[PDB]
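Enquirer: One structure, pasted below without further comment.
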Amino acid sequence: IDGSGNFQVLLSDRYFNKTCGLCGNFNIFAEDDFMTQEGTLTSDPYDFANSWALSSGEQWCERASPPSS
Amino acid sequence: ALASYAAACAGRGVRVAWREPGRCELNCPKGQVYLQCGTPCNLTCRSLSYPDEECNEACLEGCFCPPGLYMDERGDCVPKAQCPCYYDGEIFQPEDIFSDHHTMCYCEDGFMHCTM
Amino acid sequence: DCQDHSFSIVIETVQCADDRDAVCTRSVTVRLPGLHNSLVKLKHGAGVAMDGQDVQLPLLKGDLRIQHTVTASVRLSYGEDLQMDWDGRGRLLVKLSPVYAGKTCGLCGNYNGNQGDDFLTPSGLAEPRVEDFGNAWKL
Amino acid sequence: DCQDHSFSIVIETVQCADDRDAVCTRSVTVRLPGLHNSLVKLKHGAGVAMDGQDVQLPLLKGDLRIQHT
Amino acid sequence: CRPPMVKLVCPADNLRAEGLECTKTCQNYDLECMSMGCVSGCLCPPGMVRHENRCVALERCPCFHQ
Ligand SMILES: *[C@@H]1O[C@H](CO)[C@@H](O)[C@H](O)[C@H]1NC(C)=O
Ligand SMILES: *[C@@H]1O[C@H](CO)[C@@H](O)[C@H](O)[C@H]1NC(C)=O
Ligand SMILES: [Ca+2]
Ligand SMILES: [Ca+2]
């Protein structure tokens with residue numbers, strides 16, 4: 001994390017074609033990295049990225065929507 | 001007998017009040033408004049899930065709700081974006097998800113947003 | 001019933017909550033050969049729909065009764081033996097009289113006293129795993 | 001219709017209010033040969049019963065619509 | 001539609017006909033198959049069951065242990 005608040009992660013080789021999270025699967029092809037948690041593929045960013053939310057007791061979350069501005 | 005005449009007049013365009021405290025005023029249930037013509041093509045949460053069926057209605061003098069709200073299935077008119085979603089026969093609930101084998105559907109506001 | 005063919009219950013499940021392991025049930029459909037040939041779907045709300053037509057409760061027929069309950073649910077009944085409960089959000093209970101004491105083939109198992117043979121497939125042998133157990137009752 | 005036989009309407013009237021001249025109407029039955037042979041009964045409440053079985057509104061069929069207003 | 005067995009589409013009275021929705025394989029043969037309504041399609045004749053490739057004689061589909 002910088003002074004500005006920018007995040008960065010650097011993974012290794014032994015996780016090729018195995019990572020699954022929001023930074024997308026780790027593969028050479030750059031066209032199939034919006035696969036939802038159910039295993040299917042979509043095109044909508046928010047439909048893809050609302051499937052990876054985590055809830056923890058007190059904190060409950062709704063469905064996020066793109067800003068209309 | 002009085003209201004039959006008033007209804008006959010309205011078919012010819014004449015609007016008339018004829019109702020005062022001391023006669024048969026509609027005694028509308030609480031949470032609703034007696035207000036005159038309100039062109040009902042909404043005020044039911046069904047109309048939100050099916051937005052493309054029809055809208056050609058005349059004036060009716062019914063019970064309605066303030067212009068920010070909708071009526072619930074069981075009869076209350078409190079909800080705004082708290083009222084359920086309708087789908088192929090069934091009835092779902094705000095913030096629900098399901099995925100059988102073909103489609104992925106959730107429901108935000110009063111509509112579905114099925115994909116696939 | 002699996003012996004005299006007097007009823008059959010079939011459930012439909014679909015996955016909820018955008019997650020790998022959360023799988024729910026939508027609807028239950030009951031079949032009663034005594035009532036000619038009746039299909040009585042039970043839907044996600046409190047809905048009942050016999051032979052395709054949504055109906056308004058309570059319902060009375062030759063030996064069948066459907067009716068609301070106090071706590072906003074349904075209650076299907078048949079003559080003195082069968083009984084069901086179903087409230088919207090996938091929670092079904094099914095009571096059954098001692099008349100069908102050993103004659104039942106389904107995902108609930110036959111109805112004798114031993115729980116040691118409850119993974120019994122339609123072929124005849126009992127499985128050791130639960131995964132291969134339920135892949136045998138697909139339609 | 002009486003010329004092509006497309007529909008037929010019948011009303012049932014009974015006496016009310018324990019008097020000589022107070023007569024009312026209870027129910028209406030409509031027969032539509034277009035819908036095979038459908039009998040729709042309109043009852044003293046707001047209830048509707050098609051072919052003996054009550055229905056819950058709204059109803060949609062071939063060209064037939066019944067709904068609360 | 002495709003040989004060597006005959007095809008039916010629908011009688012469509014109130015939809016009892018067993019269409020493509022209910023194809024008796026050698027795992028579903030005895031089960032209480034559902035029927036949402038007749039759908040026009042293709043099927044092997046009644047004295048037959050489908051296997052992974054096509055429909056092969058009833059007396060030769062395996063019985064499944066684990
Ligand atoms: C990633 O793994 C899956 C499953 O093993 C495989 O089908 C796919 O071909 C792999 N992708 C690459 C680029 O090797
Ligand atoms: C309902 O439809 C009327 C017709 O135009 C419209 O004026 C109104 O804003 C709509 N919504 C409500 C809540 O009345
Ligand atoms: Ca990728
Ligand atoms: Ca047992």
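The way I read the labels, and the way they are meant: chains A, B, ... in the order of the structure tokens, residue 1 as the first residue of every chain, and ligand 1 as the first ligand shown, with later ones counted on from there.
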Please run DSSP on the backbone and report, as a PyMOL selection string, all residues within chain B that come out as strand (DSSP E or B).

Expert: chain B and resi 21+23+33+44+64+71+86+91+97-99+104-106

Enquirer: List all protein, DNA and RNA residues that have at least one atom no more than 8 Å from any atom of ligand 1, counting only C-alpha atoms and all ligand atoms, and write them as number ranges by chain.

Expert: A: 17-18, 27-29

Enquirer: Next, write the just-selected residues to a file, as a short mmCIF file (atom, residue, chain, number, x, y, z; two decimals), in the first residue's frame, keeping N, CA, C and O atoms as the atom set.

Expert:
```cif
data_model
loop_
_atom_site.label_atom_id
_atom_site.label_comp_id
_atom_site.auth_asym_id
_atom_site.auth_seq_id
_atom_site.Cartn_x
_atom_site.Cartn_y
_atom_site.Cartn_z
N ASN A 17 -3.21 -21.12 -13.69
CA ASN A 17 -4.50 -21.74 -13.98
C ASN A 17 -5.16 -22.27 -12.72
O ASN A 17 -5.93 -23.23 -12.77
N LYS A 18 -4.86 -21.67 -11.58
CA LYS A 18 -5.41 -22.14 -10.31
C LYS A 18 -6.02 -21.04 -9.47
O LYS A 18 -6.92 -21.34 -8.68
N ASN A 27 -4.12 -17.05 -16.33
CA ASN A 27 -3.94 -17.78 -17.57
C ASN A 27 -3.46 -16.81 -18.65
O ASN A 27 -3.54 -15.59 -18.49
N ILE A 28 -2.92 -17.36 -19.73
CA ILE A 28 -2.43 -16.53 -20.82
C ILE A 28 -3.55 -15.83 -21.56
O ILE A 28 -3.40 -14.67 -21.96
N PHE A 29 -4.68 -16.49 -21.76
CA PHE A 29 -5.80 -15.92 -22.50
C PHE A 29 -6.44 -14.83 -21.65
O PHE A 29 -6.78 -15.05 -20.49
#
```

Enquirer: At a cut-off of 8 Å, can you tabulate as a Markdown table every residue of chain B near chain C together with its closest atom pair and the distance in Å to one decimal, using only C-alpha atoms and ordering rows by chain then number?

Expert:
```
| residue | atom | partner | partner_atom | distance |
| --- | --- | --- | --- | --- |
| B:89 | CA | C:43 | CA | 7.8 |
| B:90 | CA | C:44 | CA | 5.4 |
| B:91 | CA | C:45 | CA | 5.1 |
| B:92 | CA | C:45 | CA | 7.0 |
| B:96 | CA | C:17 | CA | 7.3 |
| B:97 | CA | C:16 | CA | 5.5 |
| B:98 | CA | C:16 | CA | 4.5 |
| B:99 | CA | C:15 | CA | 5.3 |
| B:100 | CA | C:14 | CA | 4.9 |
```

Enquirer: Give me, as a ChimeraX atom specification, the contact residues of chain B against chain A at a cut-off of 10 Å, counting only C-alpha atoms.

Expert: /B:95-96,99,104,106-108,115-116

Enquirer: Set the cut-off to 12 Å and count only C-alpha atoms: what are the residues of chain E that reach chain C? Output as a list in words.

Expert: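 In the required form, that comes to residues 14, 15, 16, 21, 22, 23, 24, 25, 26, 27, 28, 29, 30, 31, 32, 33, 34, 35, 36, 37, 62, 63, 64, 65 and 66 of chain E.
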
Enquirer: Could you take the residues named above and write them with N, CA, C and O atoms, as a compact mmCIF listing (two decimals), in the first residue's frame?

Expert:
```txt
# COMPACT_ATOMS: atom_id res chain seq x y z
N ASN E 14 -54.95 -31.75 -24.03
CA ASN E 14 -54.49 -31.04 -22.84
C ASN E 14 -53.15 -31.61 -22.37
O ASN E 14 -52.87 -31.62 -21.17
N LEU E 15 -52.33 -32.10 -23.31
CA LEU E 15 -50.89 -32.27 -23.14
C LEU E 15 -50.56 -33.36 -22.11
O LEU E 15 -49.98 -33.09 -21.05
N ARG E 16 -50.95 -34.60 -22.43
CA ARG E 16 -50.43 -35.75 -21.71
C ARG E 16 -49.27 -36.45 -22.42
O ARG E 16 -48.56 -37.23 -21.78
N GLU E 21 -39.36 -34.49 -23.40
CA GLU E 21 -39.11 -34.17 -22.00
C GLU E 21 -38.94 -35.42 -21.15
O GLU E 21 -38.26 -35.38 -20.12
N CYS E 22 -39.53 -36.54 -21.56
CA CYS E 22 -39.53 -37.78 -20.78
C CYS E 22 -39.03 -38.91 -21.67
O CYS E 22 -39.82 -39.65 -22.26
N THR E 23 -37.71 -39.06 -21.75
CA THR E 23 -37.08 -40.11 -22.53
C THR E 23 -36.60 -41.19 -21.58
O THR E 23 -35.68 -40.97 -20.79
N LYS E 24 -37.21 -42.37 -21.66
CA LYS E 24 -36.90 -43.44 -20.73
C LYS E 24 -35.53 -44.01 -21.07
O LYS E 24 -35.38 -44.73 -22.06
N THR E 25 -34.53 -43.69 -20.26
CA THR E 25 -33.24 -44.35 -20.36
C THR E 25 -33.27 -45.61 -19.50
O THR E 25 -34.31 -46.01 -18.98
N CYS E 26 -32.13 -46.27 -19.37
CA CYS E 26 -32.06 -47.48 -18.55
C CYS E 26 -31.82 -47.18 -17.08
O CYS E 26 -31.79 -48.11 -16.27
N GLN E 27 -31.67 -45.91 -16.72
CA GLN E 27 -31.71 -45.49 -15.32
C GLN E 27 -33.07 -44.94 -14.91
O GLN E 27 -33.45 -45.10 -13.75
N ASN E 28 -33.81 -44.33 -15.82
CA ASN E 28 -35.11 -43.73 -15.51
C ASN E 28 -36.27 -44.64 -15.84
O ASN E 28 -37.42 -44.20 -15.76
N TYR E 29 -36.03 -45.89 -16.22
CA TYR E 29 -37.10 -46.68 -16.82
C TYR E 29 -38.26 -46.86 -15.86
O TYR E 29 -39.43 -46.74 -16.26
N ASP E 30 -37.98 -47.15 -14.60
CA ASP E 30 -39.04 -47.42 -13.64
C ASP E 30 -39.51 -46.18 -12.90
O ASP E 30 -40.61 -46.19 -12.35
N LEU E 31 -38.73 -45.11 -12.90
CA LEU E 31 -39.03 -43.99 -12.02
C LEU E 31 -40.26 -43.24 -12.48
O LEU E 31 -40.64 -43.26 -13.66
N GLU E 32 -40.90 -42.56 -11.53
CA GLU E 32 -42.10 -41.78 -11.81
C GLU E 32 -41.72 -40.55 -12.62
O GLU E 32 -41.55 -39.46 -12.07
N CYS E 33 -41.59 -40.72 -13.93
CA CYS E 33 -41.16 -39.63 -14.79
C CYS E 33 -42.19 -38.51 -14.82
O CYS E 33 -43.40 -38.75 -14.86
N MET E 34 -41.70 -37.27 -14.81
CA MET E 34 -42.59 -36.13 -14.81
C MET E 34 -43.02 -35.80 -16.24
O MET E 34 -42.44 -36.28 -17.22
N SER E 35 -44.05 -34.95 -16.36
CA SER E 35 -44.56 -34.54 -17.67
C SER E 35 -45.09 -33.11 -17.56
O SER E 35 -46.21 -32.90 -17.09
N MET E 36 -44.27 -32.14 -17.99
CA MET E 36 -44.73 -30.76 -18.01
C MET E 36 -45.66 -30.49 -19.19
O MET E 36 -46.43 -29.53 -19.16
N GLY E 37 -45.60 -31.32 -20.21
CA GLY E 37 -46.41 -31.15 -21.41
C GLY E 37 -45.69 -31.69 -22.63
O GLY E 37 -44.46 -31.74 -22.69
N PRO E 62 -26.52 -52.10 -18.56
CA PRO E 62 -25.93 -52.52 -17.29
C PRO E 62 -26.74 -52.08 -16.08
O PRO E 62 -27.51 -51.11 -16.13
N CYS E 63 -26.59 -52.83 -15.00
CA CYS E 63 -27.05 -52.46 -13.67
C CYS E 63 -25.88 -51.89 -12.89
O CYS E 63 -24.79 -52.47 -12.88
N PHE E 64 -26.10 -50.76 -12.23
CA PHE E 64 -25.02 -49.93 -11.71
C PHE E 64 -24.81 -50.18 -10.23
O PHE E 64 -25.70 -49.91 -9.42
N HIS E 65 -23.64 -50.69 -9.87
CA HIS E 65 -23.15 -50.53 -8.51
C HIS E 65 -22.33 -49.25 -8.48
O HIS E 65 -22.49 -48.39 -9.34
N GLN E 66 -21.46 -49.08 -7.48
CA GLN E 66 -20.91 -47.77 -7.19
C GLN E 66 -20.17 -47.16 -8.37
O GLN E 66 -19.03 -47.53 -8.68
```

Enquirer: Measure the distance from atom CA of residue B:32 to atom CA of residue B:76 in Å and round it to one decimal.

Expert: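 Separating atom CA of residue B:32 from atom CA of residue B:76 is a distance of 8.8 Å.
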
Enquirer: Show me which residues sit within 7 Å of ligand 4 when counting only C-alpha atoms and all ligand atoms, and put them as a VMD selection string.

Expert: chain C and resid 109 to 118

Enquirer: Compile the residues of chain B that lie within 10 Å of chain D, evaluated using only C-alpha atoms, and express the compilation as a PyMOL selection string.

Expert: chain B and resi 40+60+62

Enquirer: Output the selection as a PDB file, in the first residue's frame - N, CA and C atoms for each residue.

Expert:
```
ATOM      1  N   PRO B  40     -55.121   4.599 -13.123  1.00  0.00           N
ATOM      2  CA  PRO B  40     -54.373   3.457 -12.590  1.00  0.00           C
ATOM      3  C   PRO B  40     -53.805   2.584 -13.697  1.00  0.00           C
ATOM      4  N   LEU B  60     -61.509   6.883 -12.615  1.00  0.00           N
ATOM      5  CA  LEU B  60     -62.281   5.895 -11.878  1.00  0.00           C
ATOM      6  C   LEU B  60     -62.735   6.301 -10.479  1.00  0.00           C
ATOM      7  N   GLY B  62     -61.110   6.028  -7.235  1.00  0.00           N
ATOM      8  CA  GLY B  62     -60.891   4.907  -6.352  1.00  0.00           C
ATOM      9  C   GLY B  62     -60.147   5.296  -5.090  1.00  0.00           C
TER      10      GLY B  62
END
```

Enquirer: As a PDB file with C-alpha atoms, in the first residue's frame, please: the residues near residue E:12 (cut-off 12 Å, only C-alpha atoms, same-chain neighbours under 6 positions excluded).

Expert:
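Resulting contents of part.pdb:
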```pdb
ATOM      1  CA  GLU E  18     -44.684 -38.199 -23.625  1.00  0.00           C
ATOM      2  CA  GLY E  19     -42.440 -35.997 -25.746  1.00  0.00           C
ATOM      3  CA  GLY E  37     -46.414 -31.155 -21.408  1.00  0.00           C
ATOM      4  CA  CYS E  38     -45.910 -32.675 -24.844  1.00  0.00           C
ATOM      5  CA  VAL E  39     -42.985 -31.234 -26.812  1.00  0.00           C
ATOM      6  CA  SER E  40     -42.476 -32.143 -30.460  1.00  0.00           C
TER       7      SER E  40
END
```

Enquirer: Residues at most 8 Å from ligand 3, using only C-alpha atoms and all ligand atoms? Could they come as a PyMOL selection string?

Expert: chain A and resi 24-34

Enquirer: Restricting the calculation to only C-alpha atoms: of D:64, D:57, D:17, D:11, which residue gets closest to residue D:35?

Expert: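 Closest to residue D:35, using only C-alpha atoms: D:64.
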
Enquirer: Find the residues of chain C in contact range of chain D, meaning any atom within 8 Å when counting only C-alpha atoms, and list them as a VMD selection string.

Expert: chain C and resid 53 to 56

Enquirer: Throw together the list of residues within 10 Å of ligand 2, counting only C-alpha atoms and all ligand atoms, and drop it here as an MDAnalysis selection string.

Expert: chainID B and resid 38:44 47 55:57 64:71 80

Enquirer: Excluding stretch 52-55 of chain A and residues on its chain fewer than 5 positions from it, collect all residues at most 9 Å away from it, counting only C-alpha atoms, and give them as a ChimeraX atom specification.

Expert: /A:21-22,36-37,60-61 /C:18-19

Enquirer: Name the closest residue to chain D among the candidates E:54, E:8, E:13, E:46; distances are taken between atoms, counting only C-alpha atoms.

Expert: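 Of E:54, E:8, E:13, E:46, the one nearest chain D, counting only C-alpha atoms, is E:13.
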
Enquirer: Nearest to chain C: which of A:39, A:64, A:69, A:46 is it, counting only C-alpha atoms?

Expert: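 Closest to chain C of all the choices is A:39.
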
Enquirer: Restricting the calculation to only C-alpha atoms: of C:85, C:41, C:33, C:80, which residue gets closest to residue C:67?

Expert: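 Between C:85, C:41, C:33, C:80, the residue approaching residue C:67 most closely is C:85.
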
Enquirer: So that I can check the surroundings of residue D:10, please list as a PyMOL selection string every protein, DNA and RNA residue that reaches within 10 Å of it, counting only C-alpha atoms and ignoring chain neighbours fewer than 4 positions away.

Expert: chain D and resi 27-31+41

Enquirer: May I have the selected residues written with N, CA and C atoms, as a PDB file, in the first residue's frame?

Expert:
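As written to disk, part-v6.pdb reads:
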```
ATOM      1  N   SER D  27     -76.491 -13.574  -8.990  1.00  0.00           N
ATOM      2  CA  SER D  27     -75.374 -14.151  -9.713  1.00  0.00           C
ATOM      3  C   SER D  27     -75.577 -14.004 -11.213  1.00  0.00           C
ATOM      4  N   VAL D  28     -74.477 -14.111 -11.949  1.00  0.00           N
ATOM      5  CA  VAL D  28     -74.464 -14.012 -13.402  1.00  0.00           C
ATOM      6  C   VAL D  28     -73.676 -15.193 -13.947  1.00  0.00           C
ATOM      7  N   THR D  29     -74.203 -15.853 -14.977  1.00  0.00           N
ATOM      8  CA  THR D  29     -73.495 -16.949 -15.628  1.00  0.00           C
ATOM      9  C   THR D  29     -73.318 -16.631 -17.105  1.00  0.00           C
ATOM     10  N   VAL D  30     -72.080 -16.725 -17.585  1.00  0.00           N
ATOM     11  CA  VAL D  30     -71.737 -16.459 -18.974  1.00  0.00           C
ATOM     12  C   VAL D  30     -71.248 -17.749 -19.600  1.00  0.00           C
ATOM     13  N   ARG D  31     -71.758 -18.057 -20.783  1.00  0.00           N
ATOM     14  CA  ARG D  31     -71.371 -19.245 -21.524  1.00  0.00           C
ATOM     15  C   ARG D  31     -70.692 -18.831 -22.818  1.00  0.00           C
ATOM     16  N   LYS D  41     -69.149 -18.482 -13.385  1.00  0.00           N
ATOM     17  CA  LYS D  41     -70.171 -17.963 -12.493  1.00  0.00           C
ATOM     18  C   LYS D  41     -69.631 -16.810 -11.661  1.00  0.00           C
TER      19      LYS D  41
END
```

Enquirer: Please indicate the distance in Å from atom CA of residue E:41 to atom CA of residue C:7, rounded to one decimal place.

Expert: 29.1 Å

Enquirer: Please report the interatomic distance between atom CA of residue C:3 and atom CA of residue E:58 in Å with one decimal.

Expert: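 Atom-to-atom, atom CA of residue C:3 and atom CA of residue E:58 are spaced 23.0 Å apart.
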